[PDB]
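Notes follow once the structure below has been shown.
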2 protein chains.
Amino acid sequence: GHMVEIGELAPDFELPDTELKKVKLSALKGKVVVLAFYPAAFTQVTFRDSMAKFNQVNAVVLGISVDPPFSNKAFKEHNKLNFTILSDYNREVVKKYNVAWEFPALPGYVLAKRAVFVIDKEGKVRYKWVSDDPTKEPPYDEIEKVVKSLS
Amino acid sequence: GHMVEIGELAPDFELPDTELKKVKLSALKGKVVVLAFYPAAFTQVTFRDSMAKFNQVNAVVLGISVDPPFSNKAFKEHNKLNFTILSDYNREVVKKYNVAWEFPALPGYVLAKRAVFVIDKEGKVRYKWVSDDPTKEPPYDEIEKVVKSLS
């Protein structure tokens, strides 16, 4: 089964972005990468989604959800997200990162937990945060300090 | 396997709407129903999606796609769709209606063909249109005349 720990090589993957362009994690070696998993585009709470808090991060942020690319494109534009948003539509990556759960109101609907992984220039996992509660937000300040140490 | 023909009882199903409320086709017996399958919310071409052409139909229109409810809710609101939009997220219904295909740019992504079924007050299929080409639009005028004959 899948378990991701600090110090391990981050599991590689290739997913389509909002323009259906294939994005491969390992092609980003040489750059700090932040994986930002979210349960669902257009989750309602506010004028802008919390994913916009990654706009200011000094790294290559990959937002990842199981939403289809067409909807993620509208979500990206509506919320002025300035970074790549990927669609894990077959749930390959939520499984590889062990961040899958079933949405309570939708039997058999598997989606990402709210999670963040920071990956160094060598492709190793250097920070991990996974919340079972989808409404919690990650500690952005700590994440940015980790990114700084890897830059 | 599944095949839907004129004169048959429409296959029953229960799917969540944009508020995650379960909607069951057979509960609509006594009313004319129009199933309007579409491949994907937020498909770009125009200021408003063609699904809005069902706003004027004198029947209970159920829009159906494999998009998740949260995205379909944003799609419904953006395009001022006045009718129920259902999420066939496990592809149960596209299979039952034999309107599934794989999106060319996304391996393993199964979605609805552009299709319309009109169902009479007894729950029987009375009109069927299925387009392999997702950009074609159905003959709205004929559909509305069929609806009239069933009213």
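Letters for chains follow the order of the structure tokens (A, B, ...), residue numbers begin at 1 for each chain, and ligand numbers begin at 1 in the order shown.
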* **Spatial neighbours of region 81-93 of chain B, 7 Å, only C-alpha atoms, chain gap at least 6 places, as a ChimeraX atom specification** => /B:13,15-18,52,55,61-69,72
* Could you tell me, as a list in words, which residues of region 40-111 of chain B DSSP assigns to alpha helix (DSSP H) when given the backbone? => residues 69, 70, 71, 72, 73, 74, 75, 76, 77, 78, 92, 93, 94, 95 and 96 of chain B
* Asked: Would you list which chain B residues are within 6 Å of chain A using only C-alpha atoms, as number ranges by chain?
  -> B: 42, 70-71
* **Members of region 93-137 of chain A assigned strand (DSSP E or B) by DSSP, as a PyMOL selection string** => chain A and resi 100-102+110-112+114-119+124-131
Within 12 Å of residue 150 (chain A), counting only C-alpha atoms, which residues show up once you throw out same-chain ones fewer than 2 positions away? Write them as a PDB file with N, CA and C atoms, in the first residue's frame, please.
```
ATOM      1  N   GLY A  30      15.043  20.170  -9.630  1.00  0.00           N
ATOM      2  CA  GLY A  30      15.737  21.436  -9.752  1.00  0.00           C
ATOM      3  C   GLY A  30      14.961  22.626  -9.213  1.00  0.00           C
ATOM      4  N   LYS A  31      13.682  22.413  -8.916  1.00  0.00           N
ATOM      5  CA  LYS A  31      12.815  23.441  -8.347  1.00  0.00           C
ATOM      6  C   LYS A  31      12.113  22.911  -7.122  1.00  0.00           C
ATOM      7  N   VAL A  32      11.859  23.793  -6.168  1.00  0.00           N
ATOM      8  CA  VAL A  32      11.035  23.446  -5.024  1.00  0.00           C
ATOM      9  C   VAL A  32       9.592  23.383  -5.504  1.00  0.00           C
ATOM     10  N   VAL A  33       8.865  22.362  -5.057  1.00  0.00           N
ATOM     11  CA  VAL A  33       7.489  22.122  -5.464  1.00  0.00           C
ATOM     12  C   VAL A  33       6.607  21.999  -4.220  1.00  0.00           C
ATOM     13  N   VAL A  34       5.398  22.547  -4.296  1.00  0.00           N
ATOM     14  CA  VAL A  34       4.420  22.409  -3.241  1.00  0.00           C
ATOM     15  C   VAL A  34       3.186  21.770  -3.849  1.00  0.00           C
ATOM     16  N   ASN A  58       6.801  31.091  -2.927  1.00  0.00           N
ATOM     17  CA  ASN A  58       7.984  31.105  -3.788  1.00  0.00           C
ATOM     18  C   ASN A  58       8.429  29.693  -4.177  1.00  0.00           C
ATOM     19  N   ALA A  59       7.564  29.006  -4.911  1.00  0.00           N
ATOM     20  CA  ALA A  59       7.836  27.651  -5.352  1.00  0.00           C
ATOM     21  C   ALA A  59       6.883  27.356  -6.487  1.00  0.00           C
ATOM     22  N   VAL A 118       5.628  19.579   0.700  1.00  0.00           N
ATOM     23  CA  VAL A 118       6.711  20.346   0.085  1.00  0.00           C
ATOM     24  C   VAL A 118       7.796  19.379  -0.338  1.00  0.00           C
ATOM     25  N   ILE A 119       8.270  19.561  -1.567  1.00  0.00           N
ATOM     26  CA  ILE A 119       9.217  18.665  -2.214  1.00  0.00           C
ATOM     27  C   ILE A 119      10.437  19.492  -2.606  1.00  0.00           C
ATOM     28  N   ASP A 120      11.617  19.018  -2.246  1.00  0.00           N
ATOM     29  CA  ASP A 120      12.847  19.752  -2.522  1.00  0.00           C
ATOM     30  C   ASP A 120      13.310  19.590  -3.974  1.00  0.00           C
ATOM     31  N   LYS A 121      14.413  20.245  -4.313  1.00  0.00           N
ATOM     32  CA  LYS A 121      14.900  20.251  -5.687  1.00  0.00           C
ATOM     33  C   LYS A 121      15.366  18.865  -6.142  1.00  0.00           C
ATOM     34  N   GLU A 122      15.603  17.984  -5.183  1.00  0.00           N
ATOM     35  CA  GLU A 122      16.000  16.618  -5.468  1.00  0.00           C
ATOM     36  C   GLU A 122      14.791  15.687  -5.555  1.00  0.00           C
ATOM     37  N   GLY A 123      13.593  16.222  -5.347  1.00  0.00           N
ATOM     38  CA  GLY A 123      12.388  15.425  -5.464  1.00  0.00           C
ATOM     39  C   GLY A 123      11.983  14.686  -4.198  1.00  0.00           C
ATOM     40  N   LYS A 124      12.573  15.053  -3.065  1.00  0.00           N
ATOM     41  CA  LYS A 124      12.260  14.403  -1.796  1.00  0.00           C
ATOM     42  C   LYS A 124      11.214  15.178  -1.025  1.00  0.00           C
ATOM     43  N   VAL A 125      10.368  14.452  -0.314  1.00  0.00           N
ATOM     44  CA  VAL A 125       9.356  15.069   0.521  1.00  0.00           C
ATOM     45  C   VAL A 125      10.022  15.659   1.770  1.00  0.00           C
ATOM     46  N   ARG A 126       9.771  16.933   2.041  1.00  0.00           N
ATOM     47  CA  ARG A 126      10.415  17.603   3.155  1.00  0.00           C
ATOM     48  C   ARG A 126       9.434  18.191   4.173  1.00  0.00           C
ATOM     49  N   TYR A 127       8.145  18.187   3.831  1.00  0.00           N
ATOM     50  CA  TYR A 127       7.100  18.651   4.724  1.00  0.00           C
ATOM     51  C   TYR A 127       5.815  17.962   4.304  1.00  0.00           C
ATOM     52  N   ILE A 143       5.010  26.521   6.116  1.00  0.00           N
ATOM     53  CA  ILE A 143       5.245  26.054   4.757  1.00  0.00           C
ATOM     54  C   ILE A 143       6.200  26.990   4.020  1.00  0.00           C
ATOM     55  N   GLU A 144       5.971  28.298   4.122  1.00  0.00           N
ATOM     56  CA  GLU A 144       6.834  29.233   3.408  1.00  0.00           C
ATOM     57  C   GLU A 144       8.261  29.230   3.975  1.00  0.00           C
ATOM     58  N   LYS A 145       8.401  29.014   5.280  1.00  0.00           N
ATOM     59  CA  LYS A 145       9.728  28.896   5.875  1.00  0.00           C
ATOM     60  C   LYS A 145      10.452  27.625   5.414  1.00  0.00           C
ATOM     61  N   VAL A 146       9.719  26.521   5.310  1.00  0.00           N
ATOM     62  CA  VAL A 146      10.295  25.298   4.745  1.00  0.00           C
ATOM     63  C   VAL A 146      10.757  25.554   3.309  1.00  0.00           C
ATOM     64  N   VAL A 147       9.889  26.143   2.497  1.00  0.00           N
ATOM     65  CA  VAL A 147      10.259  26.486   1.129  1.00  0.00           C
ATOM     66  C   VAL A 147      11.543  27.325   1.099  1.00  0.00           C
ATOM     67  N   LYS A 148      11.637  28.320   1.975  1.00  0.00           N
ATOM     68  CA  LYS A 148      12.820  29.166   2.035  1.00  0.00           C
ATOM     69  C   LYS A 148      14.093  28.351   2.292  1.00  0.00           C
TER      70      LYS A 148
END
```
* **Nearest residue to residue 25 (chain A) from the set A:111, A:45, A:60, A:6 (distances using only C-alpha atoms)** =>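 Of the candidates, the smallest distance to residue 25 (chain A) is held by A:60.
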* Please provide as a PyMOL selection string all residues within 10 Å of residue 79 (chain A), with the sequence filter that same-chain residues fewer than 6 positions apart are discarded (counting only C-alpha atoms). => chain A and resi 42+47-52
* **Spatial neighbours of residue 3 (chain A), 8 Å, only C-alpha atoms, chain gap at least 3 places, as a ChimeraX atom specification** => /A:96-98
* Fewer than 6 positions away in the same chain doesn't count, so skip those; otherwise give me all residues within 9 Å of residue 128 (chain B), counting only C-alpha atoms, as a ChimeraX atom specification. => /B:4-6,115-118
* Asked: When you draw a straight line from CA of residue 39 (chain B) to CA of residue 76 (chain B), how long is it in Å?
  -> 14.4 Å
